[PDB]
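What follows is a short report on a single structure.
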Amino acid sequence: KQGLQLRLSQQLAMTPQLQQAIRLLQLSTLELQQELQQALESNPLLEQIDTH
Amino acid sequence: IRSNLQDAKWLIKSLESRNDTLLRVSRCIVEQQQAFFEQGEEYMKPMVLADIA
Amino acid sequence: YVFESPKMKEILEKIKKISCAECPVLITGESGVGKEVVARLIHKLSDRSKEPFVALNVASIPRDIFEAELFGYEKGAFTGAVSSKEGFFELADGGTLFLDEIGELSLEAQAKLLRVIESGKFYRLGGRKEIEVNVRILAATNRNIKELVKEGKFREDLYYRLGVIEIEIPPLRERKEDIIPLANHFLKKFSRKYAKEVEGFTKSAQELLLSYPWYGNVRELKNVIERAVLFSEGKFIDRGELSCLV
Amino acid sequence: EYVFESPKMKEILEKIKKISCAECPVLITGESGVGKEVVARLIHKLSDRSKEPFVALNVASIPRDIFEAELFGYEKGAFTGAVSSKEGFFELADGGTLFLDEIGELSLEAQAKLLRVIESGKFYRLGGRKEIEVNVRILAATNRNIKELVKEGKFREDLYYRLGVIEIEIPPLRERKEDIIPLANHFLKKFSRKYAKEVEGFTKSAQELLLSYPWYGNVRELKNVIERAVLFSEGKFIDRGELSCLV
Amino acid sequence: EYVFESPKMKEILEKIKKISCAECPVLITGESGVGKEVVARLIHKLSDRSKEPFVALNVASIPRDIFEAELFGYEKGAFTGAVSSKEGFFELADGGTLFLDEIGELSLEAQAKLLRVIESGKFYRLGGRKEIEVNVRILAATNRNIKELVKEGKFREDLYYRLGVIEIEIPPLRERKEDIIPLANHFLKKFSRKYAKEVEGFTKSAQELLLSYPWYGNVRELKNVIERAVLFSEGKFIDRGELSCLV
Amino acid sequence: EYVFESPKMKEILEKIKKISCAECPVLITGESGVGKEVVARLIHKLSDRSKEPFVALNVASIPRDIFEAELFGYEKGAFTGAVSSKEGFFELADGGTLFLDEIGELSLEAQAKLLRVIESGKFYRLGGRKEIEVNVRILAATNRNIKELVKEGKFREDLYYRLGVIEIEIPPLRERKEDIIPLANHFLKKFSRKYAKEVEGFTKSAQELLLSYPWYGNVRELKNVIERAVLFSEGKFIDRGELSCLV
Amino acid sequence: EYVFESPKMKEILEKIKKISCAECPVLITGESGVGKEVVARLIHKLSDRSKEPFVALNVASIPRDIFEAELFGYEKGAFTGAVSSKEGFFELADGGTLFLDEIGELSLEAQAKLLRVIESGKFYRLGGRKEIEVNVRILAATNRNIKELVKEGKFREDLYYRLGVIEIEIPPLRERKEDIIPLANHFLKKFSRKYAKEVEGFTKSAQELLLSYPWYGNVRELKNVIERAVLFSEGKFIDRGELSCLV
Ligand SMILES: Nc1ncnc2c1ncn2[C@@H]1O[C@H](COP(=O)(O)OP(=O)(O)OP(=O)(O)O)[C@@H](O)[C@H]1O
Ligand SMILES: Nc1ncnc2c1ncn2[C@@H]1O[C@H](COP(=O)(O)OP(=O)(O)OP(=O)(O)O)[C@@H](O)[C@H]1O
Ligand SMILES: Nc1ncnc2c1ncn2[C@@H]1O[C@H](COP(=O)(O)OP(=O)(O)OP(=O)(O)O)[C@@H](O)[C@H]1O
Ligand SMILES: Nc1ncnc2c1ncn2[C@@H]1O[C@H](COP(=O)(O)OP(=O)(O)OP(=O)(O)O)[C@@H](O)[C@H]1O
Ligand SMILES: Nc1ncnc2c1ncn2[C@@H]1O[C@H](COP(=O)(O)OP(=O)(O)O)[C@@H](O)[C@H]1O
Ligand SMILES: [Mg+2]
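In the order they appear, the protein sequences are chains X, W, A, V, G, F and B.
Going left to right, the first sequence walks through residues 2 to 53 as the entry's author numbering numbers them.
Going left to right, the second sequence walks through residues 319 to 371 as the entry's author numbering numbers them.
Going left to right, the third sequence walks through residues 139 to 384 as the entry's author numbering numbers them.
Going left to right, the fourth sequence walks through residues 138 to 384 as the entry's author numbering numbers them.
Going left to right, the fifth sequence walks through residues 138 to 384 as the entry's author numbering numbers them.
Going left to right, the sixth sequence walks through residues 138 to 384 as the entry's author numbering numbers them.
Going left to right, the seventh sequence walks through residues 138 to 384 as the entry's author numbering numbers them.
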């Protein structure tokens with residue numbers, strides 16, 4: 002019946018596999034650059050080619 | 319360092335794939351609408367997203 | 139389908155007249171008379187002819203999961219909610235819902251049924267959005283609902299809502315003008331279905347059909363005819379083959 | 138459009154007008170079919186939350202074993218079968234009004250779960266470790282006398298004193314004689330315009346028959362009777378004989 | 138080899154001969170150990186499709202959570218962990234016979250799923266797009282009282298009407314007394330060669346004892362008794378005392 | 138190694154030796170501590186398959202929802218998490234003996250899953266479409282009156298006749314008065330050597346006390362009493378006082 | 138540390154010292170607050186496993202659906218969500234002692250899952266086909282009376298004889314009159330330093346009051362009373378007035 006329980010069962014589970022790296026396609030160049038700047042701030046091992 | 323390196327490589331791959339997809343879509347669009355670039359408007363063909371897809 | 143008796147003709151005319159109205163319709167009678175046949179005829183001639191006809195029996199509904207069938211549920215609402223499910227009210231959206239054996243419904247669940255009929259809106263179990271549906275209600279009963287109401291075993295409001303137009307179907311025991319047509323129709327249908335040459339019943343076997351006080355009515359008649367066709371070894375069916383069953 | 142002609146209904150409307158500036162819980166009591174939900178919607182409309190959600194919930198239909206999941210929601214790994222987080226009705230009605238219909242039919246065990254949320258406004262999800270604060274106004278409607286239930290040990294006194302800050306009592310249609318004919322005319326007009334039949338008004342005998350019947354289903358029964366009469370009328374005026382659904 | 142030396146059993150055998158070439162589902166009802174498996178395999182053997190698979194299945198051994206995956210099959214990627222596509226038992230017995238033992242153990246949802254396929258004759262894989270058509274002859278056996286099951290509300294009435302077109306009710310062994318003696322002598326030999334024990338037959342007293350016991354396990358209980366008698370004996374004849382303790 | 142001085146146990150020993158060549162399932166019944174495990178292992182040792190595995194299963198410790206996977210196994214991809222194929226306890230015990238201990242504590246739903254394997258030995262895996270045949274002897278032990286359970290609607294009447302081909306009943310210790318003293322010495326030599334004590338026998342009054350006591354735990358309780366007497370002993374003999382406080 | 142002064146409590150200590158070499162299960166019984174866990178830990182400390190794990194388990198806080206997965210463990214792929222192998226408490230406590238606290242709260246069906254592992258120590262993991270042998274000493278504690286519980290029928294008889302090899306019963310504090318004053322002084326010294334008070338002892342009237350109160354919570358209640366007296370103390374002595382709660 003309708004209830005909330007913790008149990009050991011054998012089930013066939015569905016497969017979601019998307020929404021990963023999909024939001025970068027609709028971003029324009031400027032918003033993409035802002036996202037890349039945030040990622041550079043948050044990750045030590047990411048660097049951007051510099052002109053200085 | 320391992321986690322950050324893996325994330326960096328994943329982001330680089332994502333950017334490369336985005337650029338390649340944009341280039342392919344643009345090339346297909348230009349190939350479909352070719353009488354516009356030679357004679358301007360009044361020679362546009364009608365098309366929707368399904369054709370390019 | 140075959141209708142030859144004057145009572146069946148009157149019921150057919152009444153069904154033709156009432157098909158336009160969208161009021162809930164109740165049908166009563168003995169077992170195996172054709173209540174579902176009348177309901178499907180009403181649905182066919184109604185303005186919802188192309189709409190779904192969702193027929194369900196409430197006798198097979200478990201007591202403790204009735205709501206899960208009444209409203210449906212979303213994914214992950216409880217244990218065993220693997221995927222989204224639609225209740226019978228949502229299934230018949232725009233169509234006609236046929237509740238068979240309404241007289242055996244428990245008292246507590248009855249109060250939970252008409253509450254959805256009058257309001258017309260409900261929430262799916264685990265769903266946060268409101269659902270509005272329109273359904274034409276056909277109900278079937280085998281006993282006398284009025285006597286149940288007088289015994290306190292039924293809701294009077296539900297009777298009033300369902301009993302806007304009620305129909306009584308005479309049992310086959312008092313429809314002796316249909317015995318031969320039904321027997322011949324079933325004989326030909328099953329003979330074609332099983333691909334064996336059986337022409338028709340003998341004169342001796344015909345009187346056995348009338349002499350039999352059919353208790354299962356059309357269902358029993360169809361089963362007996364089908365079994366007689368299955369064991370038939372000649373184009374003429376004698377009374378000896380039928381006497382084995384009866 | 139709603140009909141309020143009896144002096145008691147006008148007094149109730151004036152009380153709603155006066156309390157339109159309050160966020161207290163409201164408790165509505167009466168018989169079945171008298172208009173508790175109509176009064177609740179009127180209270181919501183006249184208040185300052187008129188542009189906010191109005192969540193009507195019948196607490197007598199939710200299964201007992203999944204009561205907290207419906208009211209409070211859950212997280213991803215709360216139990217076997219939970220795959221994603223889902224909000225409850227309290228969080229759905231955040232910033233608006235929550236109407237609880239048939240609060241008396243709630244079991245004595247289920248009344249204990251609502252104690253803290255009504256006053257504090259804070260709770261935890263099923264499987265959540267963060268406190269959620271919401272701003273919801275509670276309207277509750279019941280047909281049973283809550284005071285008798287509390288006096289006989291069937292309704293918790295804590296919940297009764299939490300809810301009944303303001304109490305509204307709706308007299309039955311049997312005691313509203315002045316409020317029968319206008320409602321009958323309104324229903325007649327609505328059903329004539331909806332079912333596309335032809336009818337304009339009742340005869341004097343029909344008016345007397347309507348006024349003499351002790352309506353026990355209240356406005357619900359009146360509406361059903363008028364609908365049936367419209368469905369079974371073909372002239373222009375409904376006579377006493379057609380309105381034979383009564384006794 | 139089997140034993141059919143009772144008038145009821147001979148009539149059932151004639152019915153089997155008449156029916157074995159038909160194309161309708163068969164339902165076999167009886168007590169415990171009456172010979173339902175024997176009847177099913179005899180129906181399959183004396184059939185135009187006797188060279189085709191006879192898939193015998195126990196409906197109580199299939200878990201609910203994967204039920205429709207076993208009976209119909211699934212495609213690759215239908216669910217997480219689906220390595221490769223797999224067929225169901227309906228396709229496995231395509232062109233042959235599918236026997237369902239103890240059909241009364243089915244659940245309501247499984248009953249509806251089976252009814253759909255029995256009616257239409259075509260189904261779909263769990264994660265498939267094309268439609269599969271099969272030519273399976275369905276035999277189902279049970280020992281419950283199916284009428285009481287449908288009256289109680291455990292077996293779907295339409296499913297029973299679909300399956301219960303042909304009923305074969307094997308009478309209990311206590312009503313087949315003239316079949317008891319040929320059965321025992323059938324078993325006594327079979328075990329005598331099997332266990333190498335030397336024994337010829339039963340004495341008159343033992344034969345009289347055999348006909349008087351109201352067997353509750355029917356043929357299986359008689360087989361067990363004869364096996365015990367053969368094991369716990371060394372003489373050429375089995376007498377009253379040897380079977381007295383067993384009975 | 139064991140003690141079988143009582144004639145009622147000598148008859149059981151003769152019966153066990155008499156069924157060495159057989160392979161039919163055996164059902165063992167008795168009270169607690171009477172020696173069902175000893176009888177089962179002795180039957181296994183004296184048979185022709187003594188070199189084969191003896192798989193003992195406590196059927197009450199198998200979870201309800203994974204019962205089919207344990208007794209039958211599965212193929213890879215049968216469900217979410219079947220990353221590799223597995224073999225059940227019927228395939229593991231192939232060629233040997235499977236001993237179901239405390240089979241009377243089996244739910245009515247789980248008893249119907251063993252109806253076809255015990256008879257024929259053919260089954261399918263979970264997700265397998267090819268039949269698997271095994272050669273397994275089945276011994277079952279229970280401490281409950283199986284006939285009373287069958288007639289009380291707690292144990293299926295088909296499984297009883299499938300299992301109960303040969304039934305062995307072990308009398309309680311209150312009836313095996315000729316084993317109390319041979320056992321009491323036995324356990325004594327087991328324990329005084331284990332704990333390096335100096336006890337070598339019982340006095341003439343402790344033996345009478347042992348004989349008079351109505352052992353309700355049977356041989357297990359006798360073991361416990363003897364171990365307690367040995368642990369708290371001082372001297373070369375155990376007198377009446379050293380165990381009168383217990384029994 | 139602990140205080141044992143009453144003559145009936147020194148016999149328990151002598152028995153504990155007597156069973157140092159043993160490895161049989163121990164069953165501890167007494168009222169609430171008499172020191173069952175103290176005795177269990179003292180038994181563990183004086184044995185040969187004193188440097189081994191002491192796994193104290195409350196068997197009343199293990200869900201019944203995953204019970205078998207907690208005491209035995211599971212293999213990879215046993216069920217959906219089993220992504221790695223995990224051990225149980227029996228294997229975690231291997232080489233040491235497992236202390237089941239409140240063994241009398243187990244349900245009848247949950248007691249049948251412990252029958253074959255207490256005696257032999259061999260079991261199969263969920264989804265495992267290889268047997269596992271462990272060396273664990275079983276201590277069990279309960280505040281009920283297991284003998285009369287078995288007589289009534291709420292405790293299995295075949296588990297009581299497995300657990301109860303050696304039984305230790307602790308008398309109530311109202312019978313250990315020689316322990317009241319030493320325990321009171323011990324607790325006063327313990328609590329006068331944690332809270333940095335200036336109390337050093339009791340008065341004669343306070344001691345007379347302490348000897349007449351029928352302690353229902355036993356040592357736990359005495360400890361609570363002494364803590365209350367210390368917290369609200371002003372002088373260097375605790376007078377009978379400060380112990381007014383014991384009147
Ligand atoms: N006039 C008819 N001509 C041919 N077949 C008919 C006719 N009336 C009924 N039947 C047959 O009778 C059988 C039973 O019909 P139906 O299920 O509608 O009856 P019922 O048992 O009284 O109804 P319910 O179980 O839905 O309350 C059907 O197989 C149908 O084909
Ligand atoms: N005529 C016969 N001659 C010889 N053996 C027979 C005969 N009829 C039945 N048997 C034997 O009876 C035994 C049990 O019969 P069967 O396998 O058909 O049981 P069943 O009716 O399906 O049982 P259950 O209802 O318990 O599932 C079989 O081993 C079979 O060999
Ligand atoms: N004849 C015997 N000689 C020696 N020891 C015996 C004898 N019969 C029984 N025992 C002892 O009895 C003890 C109790 O366990 P036993 O094997 O009798 O289990 P049971 O109560 O019959 O059933 P189960 O173990 O299957 O739950 C065993 O430790 C065994 O050594
Ligand atoms: N002899 C003693 N000396 C000192 N303290 C003691 C003594 N006996 C008991 N205590 C104290 O009594 C308190 C409660 O006792 P304990 O928890 O051991 O008993 P219990 O209620 O029987 O146990 P449980 O319910 O946890 O199985 C503990 O804090 C313990 O320190
Ligand atoms: N004053 C009114 N004017 C118009 N309609 C009304 C009035 N009072 C009640 N009704 C009608 O009666 C029906 C039942 O009233 P409602 O408050 O919804 O349920 P209940 O009062 O039984 O909880 C409603 O559909 C409503 O339209
Ligand atoms: Mg069978």
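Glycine included, every Cβ here is placed at the ideal spot set by N, Cα and C.
Contact test: residue i Cβ vs ligand 5 heavy atom, cutoff 7 Å
| i | result |
| --- | --- |
| residue 174 (chain V) | yes |
heavy atom of ligand 4 below 7 Å from residue i C-beta
| i | result |
| --- | --- |
| residue 169 (chain B) | yes |
| residue 277 (chain B) | no |
Sheet register partners of residue i (DSSP bridge)
| i | result |
| --- | --- |
| residue 259 (chain V) | V:270 |
| residue 305 (chain B) | B:165 |
| residue 150 (chain B) | DSSP, once it has assigned bridges, lists no residue as partnering residue 150 (chain B). |
| residue 319 (chain W) | DSSP lists no partner for residue 319 (chain W). |
| residue 195 (chain B) | B:238 |
| residue 277 (chain V) | V:164, V:237 |
| residue 375 (chain B) | B:339 |
Residue i Cβ short of 7 Å to ligand 2 heavy atom set
| i | result |
| --- | --- |
| residue 367 (chain G) | no |
| residue 281 (chain A) | no |
| residue 357 (chain G) | yes |
Any non-hydrogen atom of ligand 3 closer than 7 Å to residue i Cβ
| i | result |
| --- | --- |
| residue 323 (chain F) | yes |
| residue 393 (chain F) | The first residue shown for chain F is 138 and the last is 384, placing residue 393 (chain F) beyond what the model contains. |
| residue 252 (chain B) | yes |
Ligand 1 heavy atom lying under 7 Å from the CB of residue i
| i | result |
| --- | --- |
| residue 320 (chain A) | yes |
| residue 140 (chain A) | yes |
Residue burial classification, residue i (beta-carbon count within 10 angstroms, cutoff 16)
| i | result |
| --- | --- |
| residue 15 (chain X) | exposed |
| residue 188 (chain F) | exposed |
| residue 375 (chain G) | buried |
| residue 383 (chain F) | exposed |
| residue 352 (chain B) | buried |
| residue 181 (chain V) | buried |
Residue i beta carbon near ligand 6 (any heavy atom closer than 7 Å)
| i | result |
| --- | --- |
| residue 159 (chain A) | no |
Proximity test, residue i beta-carbon vs ligand 7 heavy atom, cut-off 7 Å
| i | result |
| --- | --- |
| residue 145 (chain G) | Ligand 7 is not part of the structure shown, which contains ligand 1, ligand 2, ligand 3, ligand 4, ligand 5 and ligand 6 as its ligands. |
Could you list the residues in the segment 158–176 of chain B with a C-beta less than 8 Å from some C-beta on chain F, going in chain order?
Taking a C-beta cut-off of 8 Å against chain F, the contacting residues of the segment 158–176 of chain B are 158, 159, 161, listed in chain order.
Residues within the segment 184–214 of chain B neighbouring chain X, beta-carbon criterion of under 9 Å:
Listed in chain order, the positions of the segment 184–214 of chain B with a beta carbon within less than 9 Å of a beta carbon of chain X are 200, 202, 203, 205, 206, 211.
Using a Cβ cut-off of 9 Å, which residues of the segment 362–380 of chain B contact any Cβ in chain F, in chain order?
Hits within the stretch: zero.
Residues of the segment 289–318 of chain A in Cβ contact with chain V at a cutoff of 9 Å, in chain order, please.
So the list reads 295, 298, 299, 302, given in the order they occur along the chain.
Could you check whether the segment 258–268 of chain G touches the segment 209–217 of chain G, counting it as contact only if at least three pairs of C-beta atoms, one from each stretch, sit closer than 8 Å?
Yes, the segment 258–268 of chain G is in contact with the segment 209–217 of chain G.
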